[PDB]
Each structure stands twice: as structure tokens, then as C-alpha cells.
Amino acid sequence: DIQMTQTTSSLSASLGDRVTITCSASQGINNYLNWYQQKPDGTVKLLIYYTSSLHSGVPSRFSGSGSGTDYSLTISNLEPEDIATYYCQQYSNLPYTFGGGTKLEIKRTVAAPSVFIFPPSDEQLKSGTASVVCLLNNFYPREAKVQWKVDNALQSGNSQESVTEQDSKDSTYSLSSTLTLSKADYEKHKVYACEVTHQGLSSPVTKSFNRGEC
Amino acid sequence: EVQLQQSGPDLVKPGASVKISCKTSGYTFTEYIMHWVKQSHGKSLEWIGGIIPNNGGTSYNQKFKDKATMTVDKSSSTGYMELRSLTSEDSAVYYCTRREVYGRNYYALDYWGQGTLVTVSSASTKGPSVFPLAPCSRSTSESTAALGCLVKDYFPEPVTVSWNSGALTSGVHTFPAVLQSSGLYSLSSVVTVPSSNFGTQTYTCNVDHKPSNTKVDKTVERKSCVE
């Protein structure tokens with residue numbers, strides 16, 4: 001099989017920057033090289049065919065070049081909607097093989113998260129589990145620490161988080177952290193707190209509720 | 001107006017077979033070759049093979065020779081792929097694609113289906129429970145208000161969430177699902193609004209879990225305390 005490599009798996013660039021994604025084949029592929037764009041929702045489109053030809057609807061800021069083993073996809077003035085994973089694909093011989101993909105993020109100004117805490121619903125509690133959710137909304141960059149404290153005691157092993165893809169408009173991330181406890185353990189404690197550390201904040205931010213006053 | 005409309009998400013057992021379909025429109029089905037592509041969660045694209053709809057001629061990636069069978073139904077403009085002897089390693093998104101030809105021997109996959117999520121598991125379908133995410137209190141000096149829906153304990157992926165039947169899109173974040181240790185998924189969908197615009201609408205999350213034929217509309221009560 002021809003092995004296709006995208007040496008750079010992840011790329012960050014400012015709006016209006018010129019960005020180049022690289023693709024290399026394990027042998028000469030004689031310009032038989034296509035580029036695809038996969039958006040964060042999983043939708044795939046053709047971008048460039050036969051090294052350098054634009055597909056229908058592709059804006060002229062996209063170009064491709066190369067020869068032999070090495071190819072380049074260039075975006076000449078990056079827009080926020082170019083947030084995607086870019087895959088090269090060879091058809092010099094069967095089977096068709098794709099590179100491992102290059103994810104493109106927008107570098108933008110540091111933005112602090114808005115932090116919210118959501119208590120568990122009585123609707124959930126009555127079936128024997130409590131989910132406590134901490135939202136960090138619209139922040140940059142992606143690195144962020146969430147710590148759960150219950151009556152000031154640091155929790156570990158009992159939370160999971162997930163992060164959105166970079167927003168195609170404001171280039172921010174959002175993150176959800178869920179603390180899961182038995183109803184019995186939940187009802188043993190008063191103060192539920194998530195403490196957030198991020199570069200955009202002056203110091204760590206704590207959002208909390210007391211089960212009593214909620 | 002080239003469209004490749006793939007069948008919905010499928011839960012199938014290990015050792016079994018699954019047949020996924022690709023219903024084409026906006027072009028002449030028998031005039032274009034169709035290719036299939038696998039993508040495992042967080043992984044790259046893999047080429048499975050191609051079929052000539054006019055005679056049913058096939059070409060396979062040898063990695064899938066014992067896995068995949070491509071067929072067509074010319075009369076419904078539909079391509080099929082059947083995956084046999086299923087394992088957890090076959091859990092993936094499968095794409096059907098059209099292969100365009102340019103000049104003599106230039107080929108590219110010019111139009112892609114939306115993909116079909118196949119989950120290979122021995123576990124049973126379970127529809128989600130949907131709980132409100134509503135804060136105990138709002139600050140006078142927080143410039144956005146938040147609420148959401150917790151979509152808990154469903155299997156398999158995926159669920160879709162909309163707010164106010166698609167009318168509310170701005171400020172919506174639907175997080176990636178997390179696999180809990182129970183083997184069930186959970187996900188949150190949240191909305192934020194400028195604090196001054198908060199009171200102008202109600203907020204209802206519309207949850208769709210196709211594998212269990214579950215549809216839940218949950219109104220999240222706006223009521224909260226001042227600190």
C-alpha cells in the first residue's frame with residue numbers, strides 16, 4: 001500500500017494568515033492526489049483534485065501544488081469557517097489511501113470562560129443518582145482545569161468532561177464537566193463547587209450552590 | 001443537488017451482518033462509480049472499495065475482502081454495503097461517495113453521503129432520560145444566562161438535540177457524548193443568551209434517539225433566584 005503522511009496532525013493560525021498543510025507519499029504518486037475537508041459535524045467535501053484543480057463551490061483562497069512524493073494545500077487568507085480536518089488521498093494505485101489528517105484551529109485573543117453550575121434535578125435524584133454539571137462557556141485557548149469541591153473536599157475519579165470543537169464564528173471552545181454521585185452521597189453534603197483555572201481569568205473562579213438554599 | 005442519503009444509525013450484534021444503503025438523487029445513478037469509505041471514531045479515512053452500478057463490477061481493498069460486499073439496485077438508484085462477521089472493530093462511520101472522472105484517468109470522490117454510524121455491541125438499545133440544567137441563581141452582573149438539558153444513560157450513539165424545534169441555534173453548544181463506566185452514553189446541550197434577552201423566549205430541548213425511536217421535548221423552566 002502507498003503510505004500517505006501528514007507530518008503536522010494539528011495546525012493553529014490567525015484569521016487572514018496564509019496556512020499550508022503538507023502531504024507526503026511513501027513513493028512517487030505522479031500528481032494523482034486529492035484533498036478533502038471534513039467539518040467538525042463529520043460532513044466531507046472534495047476541495048482539490050489532481051494536485052491543483054478546485055472542486056465546484058471551493059473559494060479561490062484554496063490552492064494546491066506538488067510533485068513526486070510531496071504536496072501542499074494552501075489557504076491564502078484563513079476564515080473562521082475553515083476550521084476542519086484536511087485529508088490528502090492518493091489514487092496512483094489501489095488501494096486508495098488517505099493521510100492521517102491535519103486539524104486546523106484559529107489562533108485568537110485569550111478569552112475567559114463564563115462559568116455556570118447546575119444542580120441535579122429532583123426528576124433525576126428520585127431514581128438514585130445526582131449529576132452536577134459545570135459549564136465553561138466560550139473560552140480560548142482550549143487548556144482549562146476544572147476541580148470539583150464538595151464541602152471544600154477536592155473530588156477525583158467521579159467526574160468526566162467534554163469539549164466542543166472550535167466554534168466556526170468566534171473561534172472559542174466550551175467545556176462540560178459532570179460530577180456523578182449516589183443520591184445518598186449527594187444528600188450527605190451541602191456545598192457543591194467547581195473551581196476553574198484558565199489563562200483568561202485573573203485567578204481561579206469558583207461557582208457553587210448549597211443544596212439547602214436550592 | 002447531487003445527494004447521497006444514507007440509512008440511519010444501526011446497532012448490530014457481534015458475529016452478525018448489517019446492510020447499509022445509499023439512496024442517490026440529482027444525477028443518473030448508472031453513469032457514475034460509487035466508492036465506500038470507513039472512518040473509526042477519532043481516526044483517519046480508509047477506502048473499502050468501489051462498484052460500477054451498470055454491471056455491478058467491484059474492486060475491494062484487500063483489508064476488507066472478508067468484511068464488505070457492495071451491491072446496487074438500479075431501479076431504486078440505491079447502493080448497498082453489507083458488513084459480515086461483525087466485531088467492535090467494525091464500529092465506525094461508513095460513507096458512500098460518488099467517483100467523478102476528469103479527462104483520461106483523473107478520479108476523485110466529488111460528493112459524499114452524510115455517513116452511517118454502525119455500533120457493534122451485545123448491549124441493548126436504551127433511550128435517554130432528559131433532565132433540566134437550570135442554575136440555583138443568576139448574578140445581576142453576569143452578562144449571559146445559561147440553561148440546558150442533560151441527556152443521560154442512552155445506547156448506542158447518536159442523539160440529536162435541537163432547541164425550540166430548530167428556531168433557536170445561536171448560543172447553543174451540544175457537547176460530545178461521554179461513555180460512562182456503566183457502558184451508557186451521557187451528553188449535555190446548553191444555551192446561553194445575553195442576560196437582557198433571557199426573558200424574551202421559553203427554552204425547550206428536542207432530543208431524538210433514532211436507535212430507540214425516542215423523541216423527548218423538555219421545557220427547561222427559566223425560574224431562578226437573585227444572589
Side-chain angles (χ1 to χ4, degrees), chain A residues 1 4 6 31-32 34-36 38 41-46 48-50 53 55-56 85 87 89 91 94-101 114 116-121 123-124 127 129 131 133 135 137-138 160-165 167 169 173-176 178 180 207-211 213-214, chain B residues 35 37 39 43-50 59-64 93 95 97 100 102-103 105-115 117 129-137 142-148 150 152-153 170-171 173-180 186-188 190 192 225:
Chain A
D1 291 13
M4 302 299 302
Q6 291 178 246
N31 289 106
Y32 298 128
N34 305 319
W35 287 99
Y36 301 91
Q38 189 171 45
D41 72 354
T43 67
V44 180
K45 289 183 168 56
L46 180 62
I48 303 288
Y49 63 98
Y50 190 56
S53 309
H55 177 61
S56 314
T85 300
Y87 293 97
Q89 171 252 320
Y91 62 95
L94 303 177
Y96 289 14
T97 52
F98 296 84
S114 319
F116 309 83
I117 193 173
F118 310 107
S121 60
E123 185 179 359
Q124 183 185 21
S127 58
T129 304
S131 307
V133 173
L135 165 72
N137 206 46
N138 292 4
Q160 293 180 281
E161 56 181 47
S162 90
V163 51
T164 57
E165 291 295 295
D167 188 271
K169 333 178 321 302
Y173 298 97
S174 297
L175 177 157
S176 201
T178 307
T180 306
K207 285 311 204 276
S208 58
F209 65 79
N210 179 283
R211 262 167 69 241
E213 309 159 14
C214 193
Chain B
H35 286 207
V37 173
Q39 188 175 39
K43 302 273 70 150
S44 188
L45 301 169
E46 320 165 49
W47 188 74
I48 298 160
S59 187
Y60 295 89
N61 184 337
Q62 288 309 286
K63 305 184 168 186
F64 294 96
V93 175
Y95 292 96
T97 66
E100 178 58 306
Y102 317 81
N105 59 350
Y106 310 153
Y107 306 103
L109 304 185
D110 63 344
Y111 293 100
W112 292 60
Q114 81 280 19
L117 181 52
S129 317
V130 184
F131 306 120
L133 295 167
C136 297
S137 56
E142 268 262 32
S143 74
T144 59
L147 47 73
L150 180 56
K152 202 159 141 57
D153 287 346
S170 186
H173 293 297
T174 299
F175 291 87
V178 295
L179 189 53
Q180 304 165 112
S186 188
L187 87 62
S188 280
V190 301
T192 71
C225 304

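Proteins get letters first, then strands, A, B, ... in listed order; numbering begins at 1 in each. For the numbers below, each heavy atom of this structure counts, side chains included, while hydrogens, waters and symmetry mates do not.
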* A:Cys214 to A:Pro119 - nearest heavy-atom pair and separation ->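 Minimum heavy-atom contact is SG-CG, 3.9 Å.
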Checking heavy atoms, do the side chain of [X], its backbone, both or neither come under 4.5 Å from chain B?
X: A:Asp167; result: side chain
X: A:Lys169; result: neither
X: A:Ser56; result: side chain
X: A:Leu94; result: side chain
X: A:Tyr96; result: both
X: A:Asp41; result: neither
X: A:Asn138; result: side chain
X: A:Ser53; result: neither

* Exercise: do A:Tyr91 and B:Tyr107 side chains pair donor with acceptor under 3.5 Å ->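 Not at all, the side chains of A:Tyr91 and B:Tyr107 share no donor-acceptor pair under 3.5 Å.
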* Any side-chain donor-acceptor pair under 3.5 Å between B:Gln180 and B:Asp153? ->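 A donor-acceptor contact under 3.5 Å links the two side chains.
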Most chain A-contacting option - heavy-atom pairs closer than 4.5 Å, from [options]:
options: B:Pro135, B:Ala177, B:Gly50, B:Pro176; value: B:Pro176
options: B:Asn61, B:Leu133, B:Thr192; value: B:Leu133
options: B:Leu109, B:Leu147, B:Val190, B:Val178; value: B:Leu109

* Asked: Are any of the side-chain heavy atoms of A:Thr178 and A:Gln160 separated by less than 4.5 Å?
  -> no
* Taking the side chain as C-beta and beyond, is there a heavy-atom pair between B:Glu46 and B:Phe64 under 4.5 Å? -> yes
Which atoms of [X] are under 4.5 Å from chain A, going by heavy atoms: the side chain, the backbone, both sets, or neither?
X: B:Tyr60; result: neither
X: B:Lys152; result: side chain
X: B:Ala146; result: both
X: B:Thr144; result: both
X: B:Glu142; result: side chain
X: B:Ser143; result: neither
X: B:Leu117; result: neither

Could you tell me which of [options] has the largest number of non-hydrogen atom pairs under 4.5 Å with chain B?
options: A:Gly101, A:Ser176, A:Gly42; value: A:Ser176
options: A:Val44, A:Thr43, A:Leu135; value: A:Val44
options: A:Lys207, A:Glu123, A:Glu213; value: A:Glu123
options: A:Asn31, A:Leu175, A:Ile117; value: A:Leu175
options: A:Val163, A:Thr85, A:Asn210; value: A:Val163

* Please work out which of the three classes, parallel, tilted or perpendicular, describes the rings of A:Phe116 and A:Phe118, given edges at 30° and 60°. =>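 Because their plane-to-plane angle is under 30°, the rings of A:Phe118 and A:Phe116 count as parallel.
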* Aromatic centroids of A:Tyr36 and A:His55 separated by under 6.0 Å -> no
* Mind checking whether B:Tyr102 and A:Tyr49 have ring centres under 6.0 Å apart? ->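 Under 6.0 Å, so yes.
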* Structure fact -> Sorted by chain and number, sequence neighbours left out, side-chain contact (heavy atoms from CB on, under 4.5 Å) with B:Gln39 holds for A:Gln38, A:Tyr87, B:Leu45, B:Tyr95
Is the backbone N or O of [Y] less than 3.5 Å from a side-chain atom of [X], with the two atoms forming a donor-acceptor pair by type?
X: A:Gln124; Y: A:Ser131; value: yes
X: B:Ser188; Y: B:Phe175; value: no
X: B:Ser137; Y: B:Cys225; value: no

* Inter-residue atom distance A:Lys45.NZ - B:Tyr111.OH, 0.5 Å rounding ->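 Taking NZ in A:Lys45 and OH in B:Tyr111, the distance rounds to 9.5 Å.
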